[PDB]
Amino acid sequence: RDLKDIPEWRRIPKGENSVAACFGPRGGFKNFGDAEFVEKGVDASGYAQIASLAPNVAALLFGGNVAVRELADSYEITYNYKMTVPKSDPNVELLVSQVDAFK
């Protein structure tokens, strides 16, 4: 298979084809991840803890907003999923400290 065959929403960054190859540079929108997560992807120290604070597909569809804009040849879907984690959670900061890390 080839990374170009896999659509972006199904990619998993790992090894040779990691975040830069899957999602492009960090930026204002794609803002999560410091230098070491950008390079190791799901292998970065802390990822598994972080990933526990992100919704599965069933929660994405039923527990958040799904919005559609129809184009000529396509549909553009935007998922907007909000959630609250108590500061007593042992993994919240790991996530937060990775937001907007690009410097």
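The first residue of the shown sequence is 1; numbering continues from there.
Check: Thinking about Cα B factors across the chain, which third does residue 87 belong to?
Finding: Its C-alpha B-factor belongs to the middle third of this chain's values.
Check: Within this chain, which third does the Cα B-factor at residue 99 fall in: lowest, middle or highest?
Finding: Lowest third of the chain for residue 99's C-alpha B-factor.
Item checked: CA B-factor ranking of residue 48, expressed as a third of its chain -> Lowest third, going by the recorded CA B-factors of the chain.
Next item on the list: Using the B-factor values recorded in the entry, state whether the Cα atom of residue 72 falls in the lowest, middle or highest third among the modelled residues of its chain.
Entry: Highest third of the chain for residue 72's C-alpha B-factor.
Next item on the list: Taking the chain's C-alpha temperature factors as the reference, tell me which third residue 64 falls into: lowest, middle or highest.
Entry: Ranked within chain, residue 64 CA B lands in the middle tercile.
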